[PDB]
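Data block below; observations after.
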Amino acid sequence: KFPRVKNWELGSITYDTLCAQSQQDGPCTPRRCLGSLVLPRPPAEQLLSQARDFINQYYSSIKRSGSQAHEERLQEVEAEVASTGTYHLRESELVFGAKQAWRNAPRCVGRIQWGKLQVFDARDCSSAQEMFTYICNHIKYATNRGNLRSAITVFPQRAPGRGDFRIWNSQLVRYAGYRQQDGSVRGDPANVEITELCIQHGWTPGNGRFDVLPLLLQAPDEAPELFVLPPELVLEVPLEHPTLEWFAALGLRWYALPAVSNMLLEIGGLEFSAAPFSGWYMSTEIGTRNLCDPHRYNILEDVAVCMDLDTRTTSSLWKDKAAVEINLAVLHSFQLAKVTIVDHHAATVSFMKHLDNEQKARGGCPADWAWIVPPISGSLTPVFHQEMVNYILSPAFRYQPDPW
Amino acid sequence: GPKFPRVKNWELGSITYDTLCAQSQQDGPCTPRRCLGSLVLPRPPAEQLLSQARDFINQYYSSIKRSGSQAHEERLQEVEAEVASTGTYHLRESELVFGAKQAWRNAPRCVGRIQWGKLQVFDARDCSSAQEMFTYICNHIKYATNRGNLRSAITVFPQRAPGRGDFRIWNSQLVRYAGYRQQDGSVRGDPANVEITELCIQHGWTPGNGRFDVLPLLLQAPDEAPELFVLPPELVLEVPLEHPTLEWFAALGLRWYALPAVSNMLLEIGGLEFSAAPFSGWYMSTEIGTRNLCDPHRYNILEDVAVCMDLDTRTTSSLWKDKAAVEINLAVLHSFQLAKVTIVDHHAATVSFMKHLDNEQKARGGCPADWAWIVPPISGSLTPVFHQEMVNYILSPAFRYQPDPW
Ligand code: HEM
Ligand code: HEM
Ligand SMILES: N=C(NCCC[C@@H](NC(=O)[C@H](N)CCCCN)C(N)=O)NN(O)O
Ligand SMILES: N=C(NCCC[C@@H](NC(=O)[C@H](N)CCCCN)C(N)=O)NN(O)O
Ligand SMILES: C[C@H](O)[C@H](O)[C@H]1CNc2nc(N)[nH]c(=O)c2N1
Ligand SMILES: C[C@H](O)[C@H](O)[C@H]1CNc2nc(N)[nH]c(=O)c2N1
Ligand SMILES: [Zn+2]
């Protein structure tokens with residue numbers, strides 16, 4: 003029942019016992035494994051049970067399980083759900099749950115920081131305009147002049163028979179994707195749909211490759227509202243290469259703050275449909291995926307032709323050589339600009355530590371191998387040689403339907 | 262919509278549904294509770310063998326388009342008779358050829374399956390001694406190597422018999438470099454082969470002291486201790502490694518063999534188990550340049566090469582491991598090309614595996630694949646497989662790891 007988890011670079015071995023705590027099901031069955039798939043294909047009792055577990059998790063955290071404070075807080079929850087069908091979290095319990103959801107994110111390689119998370123309580127939000135203020139503050143705090151600080155702002159929980167508070171953008175800061183005449187796309191191809199919704203909603207579009215998009219914020223059962231972000235609020239890094247003087251002339255650049263905003267935060271059965279978070283970028287996200295995915299800026303061939311590689315045959319490894327300089331350009335530029343960034347070697351080594359801290363702490367750590375291993379130089383990182391067990395622990399961050 | 266796993270490619274946005282998984286009859290290591298997809302090692306009564314056999318025979322007649330015919334019903338009759346009075350049974354020539362190819366085709370961890378139909382099957386179920394085994398292997402190596410223009414092949418030795426001992430090739434590959442345990446604790450040669458090297462010596466092998474000494478073979482006929490056989494040097498083709506523009510790389514003295522001949526996997530067909538059945542095709546560029554040469558627990562030449570390239574190896578952020586690994590891989594590719602030895606880089610290899618997925622989609626409605634093994638150890642998202650969701654499941658015939666004989 004309990005999985006033997008071996009590391010093939012050091013021969014070490016551990017046994018994940020934490021997985022027993024998983025209450026929800028994944029996509030795999032003995033018949034077949036769907037671990038590489040990206041996406042997955044309330045009764046007072048159901049909710050009440052999730053709540054109980056959460057509160058028990060909280061009091062155990064403050065090392066006061068079974069105490070008076072515990073017993074009474076459990077009754078409050080019972081009382082509220084029994085009469086209203088739902089309940090609410092106390093700011094401290096929320097702070098704990100947020101850190102925990104991050105702690106349980108199988109796809110996050112930066113979890114060595116899970117304990118250092120600034121939680122903003124925005125549950126007293128009744129309008130989109132109010133959401134925008136909270137967001138504008140999350141950004142100022144989070145960015146901190148280039149010295150990034152992990153943070154999350156939490157908006158009103160979902161409610162039976164009432165629309166969701168949502169941030170239509172998958173990230174607080176993103177570059178527009180402008181479909182053009184010849185099926186072409188100027189900018190970030192992954193953001194075409196949202197850039198179009200922004201237009202149909204009255205935004206006056208630009209024509210740059212890196213035009214920061216406006217936010218479509220939506221308060222319950224109301225049409226989304228467009229809000230433009232103060233340019234000086236959006237810290238960005240121009241990319242230049244340490245030795246290739248011609249790199250800078252490509253005009254490439256990327257924003258400093260990675261703030262996911264399309265995910266749902268679930269804590270004790272309660273669902274928070276709008277709870278943007280942000281820590282800091284790992285260089286490959288920008289250097290490998292964002293700039294080199296064939297369905298993103300797809301700049302691989304350009305940079306290679308620049309370097310003067312033989313982009314005529316796969317055997318010259320021009321793709322591999324270009325990819326590395328671009329990642330080097332990112333790491334160099336963020337350091338030059340004094341903005342928090344972490345390379346993939348540094349990051350994965352730290353994640354290796356996290357795995358160890360968690361083994362002693364909880365008896366395991368849920369991890370999605372395909373996501374933890376970097377998009378380049380996989381086996382050159384420790385995590386590649388590390389076996390992992392993936393499963394669902396709550397508090398958790400889940401994906402949710404786009405509100406349109 | 263469709264009631265089977267929905268499979269998506271996130272680069273092109275295309276979708277398919279895997280219906281082939283429905284044919285699997287062996288449970289994997291995952292459960293709805295947790296995914297053990299990243300684990301390397303996932304932890305007969307006539308009745309069981311009979312049905313396994315029936316399934317295989319059906320698969321074969323199915324492949325030739327005579328499913329349900331008289332010849333089909335007779336063969337099934339035959340296998341049942343034989344199993345009825347002997348406990349086991351034998352495969353016909355063409356049945357073994359079919360099964361060996363399906364086993365390769367069904368292998369979830371092989372990125373080179375586009376070549377599955379083009380495998381030369383050498384039948385050796387008549388082999389009776391360890392010496393004959395050596396001869397069989399020498400022919401395989403000779404034909405398979407074909408002077409640098411490699412040809413996929415597999416030599417199948419006698420299936421396991423009830424009670425009777427197994428035929429086994431102790432070495433994990435027909436060609437492997439010795440791993441010498443040092444005084445200072447380090448290992449000279451390939452760290453991976455430390456034990457088989459220690460076993461070769463315990464059996465009378467006179468060791469060398471280099472980093473690229475070819476191990477001798479420890480072959481084992483039923484119920485006998487393994488005999489030691491040394492491969493004649495002329496039969497083992499090697500490629501001295503050199504970089505195309507870094508002139509000093511050639512001075513590093515790195516080299517690798519051309520024939521990747523896995524030799525300790527069990528080939529299971531219709532319930533029958535072939536404990537010895539060496540197969541070989543050709544290397545994928547990154548197998549040597551990234552894993553064998555740069556793994557921390559293998560040759561680990563990463564720092565050396567970086568120092569030669571004068572890279573700042575004091576900080577992770579200089580991407581010195583990344584720059585070096587690229588060059589080492591390019592050297593592997595450059596040296597095999599120059600020496601006219603067959604090899605395929607991670608890019609072409611993965612483009613061809615995409616084409617294979619497409620072929621298999623149309624042919625069987627699915628292709629079992631191990632994402633972690635399909636996606637290369639370097640430049641993952643630069644290859645198309647990375648963006649391809651894959652379903653993993655066990656189909657038979659198939660290759661399986663098996664316990665080391667000793
Ligand atoms: C402080 C530095 C942090 C680093 C270096 C880091 C890095 C990463 C990386 C590499 C990924 C995968 C990104 C991708 O491929 O799209 C990831 C995923 C994730 N991270 Fe972290 N993380 C950090 C902070 C955070 C914070 C503060 C939270 C939450 C409070 C968080 C929640 C998650 C979640 C939920 C995922 C999955 C995203 C998805 O499915 O699209 N991370 N992280
Ligand atoms: C035509 C050239 C071929 C190429 C380029 C190819 C490539 C590969 C690669 C890259 C791997 C993973 C290596 C590793 O990570 O250790 C692999 C694994 C495998 N291949 Fe292929 N292959 C080829 C031919 C063959 C042949 C002829 C067979 C068998 C009849 C085959 C059966 C397998 C099996 C069973 C595995 C998994 C082995 C294991 O679990 O260690 N391959 N192949
Ligand atoms: N440094 C990070 N990185 C996490 C980045 C997550 C990224 N996900 C993606 O781009 C997914 N492919 C979107 C999948 C949504 C489909 N439901 C996104 N939403 O921008 N985090 N910090 O907080 O620091
Ligand atoms: N190009 C290839 N490559 C196949 C390489 C497979 C490799 N596996 C390994 O080294 C596993 N880690 C060993 C698993 C043992 C588990 N007991 C091995 N045995 O040498 N094939 N052909 O071209 O045929
Ligand atoms: C299909 C495959 O699961 C998909 O491309 C995954 C692979 N690994 C990943 N790893 C990270 N960090 N981020 C991703 O988006 C992905 N995408
Ligand atoms: C722990 C993890 O499963 C292990 O390092 C796997 C990852 N992917 C691999 N992929 C291939 N082709 N070969 C390997 O040996 C591995 N090792
Ligand atoms: Zn799985």
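Protein chains in written order, with this note's numbering: chain P, 3 to 406; chain L, 262 to 667. Every residue gets a Cβ at the ideal spot worked out from N, C-alpha and C, and that includes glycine.
Problem set entry | Minimum Cβ-Cβ distance from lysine 323 of chain P to chain L less than 8 Å | One-based indexing of the first sequence puts residue 323 of chain P at position 321. Under the Cβ criterion of 8 Å, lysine 323 of chain P is counted among the residues facing chain L.
For this session: List the endpoints of the continuous beta strand (DSSP E) containing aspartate 310 of chain P.
Result: The sequence position of residue 310 of chain P within the first sequence is 308, counting from 1. Run containing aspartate 310 of chain P: none; DSSP gives neither H nor E here.
Problem set entry | Proximity test, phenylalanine 647 of chain L beta-carbon vs ligand 5 heavy atom, cut-off 7 Å | As a position in the second sequence, residue 647 of chain L is number 386, starting the count at 1. Relative to the non-hydrogen atoms of ligand 5, the Cβ of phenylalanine 647 of chain L comes within a distance shorter than 7 Å of at least one.
Exercise. The alpha helix (DSSP H) with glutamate 247 of chain P in it runs from where to where?
Worked result: Taking the first sequence and counting its residues from 1, one reaches residue 247 of chain P at position 245. No alpha helix (DSSP H) holds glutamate 247 of chain P; DSSP gives it neither H nor E.
For this session: At 9 Å on the CB atoms, spell out the chain L contacts of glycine 28 of chain P, in chain order.
Result: The sequence position of residue 28 of chain P within the first sequence is 26, counting from 1. At a beta-carbon threshold of 9 Å, the residues of chain L lying near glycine 28 of chain P are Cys291, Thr292, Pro293, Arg294, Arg295 and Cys296, ordered along the chain.
For this session: Consult DSSP for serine 355 of chain L and reduce its assignment to one of helix, strand or coil.
Result: Taking the second sequence and counting its residues from 1, one reaches residue 355 of chain L at position 94. Note: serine 355 of chain L maps to helix in three-state DSSP.
Problem set entry | Distance between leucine 380 of chain L and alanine 405 of chain L (C-alpha atoms, nearest Å) | Reading the second sequence from its first residue, position 144 is the one you call residue 405 of chain L. Reading the second sequence from its first residue, position 119 is the one you call residue 380 of chain L. In a straight line, the C-alpha of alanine 405 of chain L is about 10 Å away from that of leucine 380 of chain L.
Exercise. So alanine 592 of chain L packs on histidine 504 of chain L, CB below 8 Å; how close in whole Å?
Worked result: The residue given as residue 592 of chain L occupies position 331 in the second sequence. The residue given as residue 504 of chain L occupies position 243 in the second sequence. 4 Å between Cβ atoms; contact.
For this session: Check the Cβ-Cβ distances between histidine 297 of chain P and every residue of chain L, and say whether any is below 8 Å.
Result: In the first sequence, residue 297 of chain P corresponds to position 295, counting from 1. Answer yes: the Cβ-Cβ gap between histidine 297 of chain P and chain L drops below 8 Å somewhere.
Problem set entry | First through last residue of the beta strand (DSSP E) which encompasses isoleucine 301 of chain P | Residue mapping note: residue 301 of chain P aligns to position 299 of the first sequence, counting from 1. It is not in any beta strand (DSSP E) - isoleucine 301 of chain P carries neither H nor E in the DSSP assignment.
Problem set entry | Neighbourhood of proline 493 of chain L by C-beta, 8 Å cutoff - its chain only, sequence neighbours within 5 removed | Position 232 of the second sequence holds residue 493 of chain L. Answer for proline 493 of chain L: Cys399, listed in chain order.
Exercise. Does DSSP put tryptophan 170 of chain P in a helix, a strand or coil?
Worked result: Position 168 of the first sequence holds residue 170 of chain P. In the structure shown, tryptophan 170 of chain P sits in coil (DSSP, three-state: anything other than H, G, I, E or B).
Exercise. For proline 419 of chain L versus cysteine 388 of chain L, is the C-beta spacing smaller than 8 Å?
Worked result: Indexing the second sequence from 1 puts residue 419 of chain L at position 158. Indexing the second sequence from 1 puts residue 388 of chain L at position 127. Against a cut-off of 8 Å, the Cβ pair of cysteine 388 of chain L and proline 419 of chain L comes out as a contact.
Exercise. So, is the C-beta of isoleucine 378 of chain P closer than 8 Å to a C-beta in chain L?
Worked result: Within the first sequence, the letter at position 376 stands for residue 378 of chain P. Cβ-Cβ to chain L under 8 Å: yes for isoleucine 378 of chain P.
Exercise. Is the distance from the Cβ of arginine 34 of chain P to the Cβ of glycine 426 of chain L below 8 Å?
Worked result: As a working mapping, residue 34 of chain P is identified with position 32 in the first sequence. As a working mapping, residue 426 of chain L is identified with position 165 in the second sequence. One thing to note: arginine 34 of chain P has its Cβ no nearer than 8 Å to the Cβ of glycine 426 of chain L.
Problem set entry | Neighbour-count burial assignment, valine 301 of chain L, 16 or more Cβ in a 10 Å radius | As a working mapping, residue 301 of chain L is identified with position 40 in the second sequence. Burial call: exposed.
Problem set entry | Coarse secondary structure for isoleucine 276 of chain L, derived from DSSP in three states | For the purposes of this step, residue 276 of chain L is identified with residue 15 of the second sequence, where counting begins at 1. In the structure shown, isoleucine 276 of chain L sits in a strand (DSSP, three-state: E or B).
Exercise. According to DSSP, which residues form a beta bridge with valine 344 of chain P?
Worked result: What you label residue 344 of chain P is simply residue 342 of the first sequence in a count that begins at 1. DSSP, once it has assigned bridges, lists P/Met284 as partnering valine 344 of chain P.
Problem set entry | Contact list for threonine 342 of chain P against chain B, beta-carbon separation under 8 Å | Although the question refers to chain B, the structure presented lacks it and instead comprises the protein chains P and L.
Exercise. Given a threshold of 16 other Cβ atoms within 10 Å of its Cβ, counted over all protein chains shown, does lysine 323 of chain P qualify as buried or as exposed?
Worked result: Position 321 of the first sequence, counted from the start, is the residue given in the question as residue 323 of chain P. It is buried - the Cβ of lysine 323 of chain P has at least 16 other Cβ atoms within 10 Å.
Exercise. Comparing the CB of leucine 41 of chain P with every heavy atom of ligand 3, is any distance shorter than 7 Å?
Worked result: Walking along the first sequence from the start, residue 41 of chain P turns up at place 39. Yes, the Cβ of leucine 41 of chain P comes within 7 Å of a heavy atom of ligand 3.
For this session: Quick one: measure Cβ to Cβ for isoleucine 430 of chain L and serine 524 of chain L, integer angstroms, because I've assumed they're closer than 8 Å.
Result: As a working mapping, residue 430 of chain L is identified with position 169 in the second sequence. As a working mapping, residue 524 of chain L is identified with position 263 in the second sequence. At roughly 4 Å, the Cβ-Cβ gap stays under 8 Å, so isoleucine 430 of chain L and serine 524 of chain L are in contact.
Exercise. Going by beta carbon distance, what residues of the same chain come within less than 6 Å of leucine 20 of chain P, once the five residues before and after it are set aside?
Worked result: As a position in the first sequence, residue 20 of chain P is number 18, starting the count at 1. So the qualifying residues of the chain are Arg364, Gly365 and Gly366.
Exercise. Any chance the region 260-277 of chain P sits against the region 391-403 of chain P, with 3 or more Cβ pairs inside 8 Å?
Worked result: yes
Exercise. According to the Cβ coordinates, are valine 436 of chain L and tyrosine 518 of chain L closer than 8 Å?
Worked result: Start at 1 with the first residue of the second sequence, and residue 436 of chain L comes out as number 175. Start at 1 with the first residue of the second sequence, and residue 518 of chain L comes out as number 257. A contact, by the Cβ cut-off of 8 Å.
For this session: For chain L, find out if any of its Cβ atoms is closer than 8 Å to the Cβ of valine 326 of chain P; answer yes or no.
Result: As a first step, residue 326 of chain P must be located in the first sequence, where it is residue number 324. Yes, its Cβ sits closer than 8 Å to a Cβ of chain L.
Exercise. How about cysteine 35 of chain P: is its Cβ closer than 7 Å to a heavy atom in ligand 7?
Worked result: The residue you call residue 35 of chain P lines up with position 33 of the first sequence. It does: the Cβ of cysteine 35 of chain P is within 7 Å (strictly closer) of some heavy atom of ligand 7.
Exercise. With a Cβ-Cβ cutoff of 8 Å, do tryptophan 581 of chain L and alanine 372 of chain P count as a contact?
Worked result: Numbered from 1 along the second sequence, position 320 holds the residue referred to as residue 581 of chain L. Numbered from 1 along the first sequence, position 370 holds the residue referred to as residue 372 of chain P. It is not a contact, given that the beta carbons lie outside the stated cut-off.
Exercise. Is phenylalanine 540 of chain L near ligand 4, with its Cβ less than 7 Å from a heavy atom?
Worked result: Sequence index remark: in the second sequence, residue 540 of chain L carries index 279 (1-based). When distances are taken from the beta-carbon of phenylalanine 540 of chain L to the heavy atoms of ligand 4, the shortest one is below 7 Å.
Problem set entry | Beta-carbon spacing of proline 191 of chain P, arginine 298 of chain P below 8 Å | Indexing the first sequence from 1 puts residue 191 of chain P at position 189. Indexing the first sequence from 1 puts residue 298 of chain P at position 296. Taking 8 Å as the Cβ cut-off, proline 191 of chain P and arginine 298 of chain P qualify as a contacting pair.
Problem set entry | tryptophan 256 of chain P, enclosing beta strand (DSSP E) - first and last residue | Here residue 256 of chain P refers to the residue found at position 254 of the first sequence. Run containing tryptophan 256 of chain P: 255-257, per the beta strand (DSSP E) assignment.
Problem set entry | Contacts that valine 301 of chain L makes with chain P (C-beta to C-beta distance below 9 Å) | Walking along the second sequence from the start, residue 301 of chain L turns up at place 40. Identification of chain P residues near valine 301 of chain L by a Cβ-Cβ cut-off of 9 Å yields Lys8, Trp10 and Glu389, ordered along the chain.
For this session: Tell whether a beta-carbon distance below 8 Å holds between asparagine 329 of chain P and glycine 289 of chain P.
Result: Numbered from its first residue, the first sequence carries residue 329 of chain P at position 327. Numbered from its first residue, the first sequence carries residue 289 of chain P at position 287. In contact: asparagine 329 of chain P and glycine 289 of chain P (Cβ atoms closer than 8 Å).
Exercise. Taking C-alpha atoms, which residue in P/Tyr177, P/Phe386, P/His356 and P/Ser38 lies nearest to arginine 552 of chain L?
Worked result: Residue mapping note: residue 552 of chain L aligns to position 291 of the second sequence, counting from 1. When each option's Cα is compared against that of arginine 552 of chain L, the closest is P/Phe386.
Exercise. Comparing the C-beta of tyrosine 544 of chain L with each C-beta of chain P, is any distance below 8 Å?
Worked result: For the purposes of this step, residue 544 of chain L is taken as the residue at position 283 of the second sequence. Cβ-Cβ to chain P under 8 Å: no for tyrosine 544 of chain L.
For this session: Can you grab the Cα-Cα spacing for the pair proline 629 of chain L / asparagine 9 of chain P, in whole Å?
Result: Position 368 of the second sequence holds residue 629 of chain L. Position 7 of the first sequence holds residue 9 of chain P. Going from the Cα of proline 629 of chain L to the Cα of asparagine 9 of chain P covers about 25 Å.
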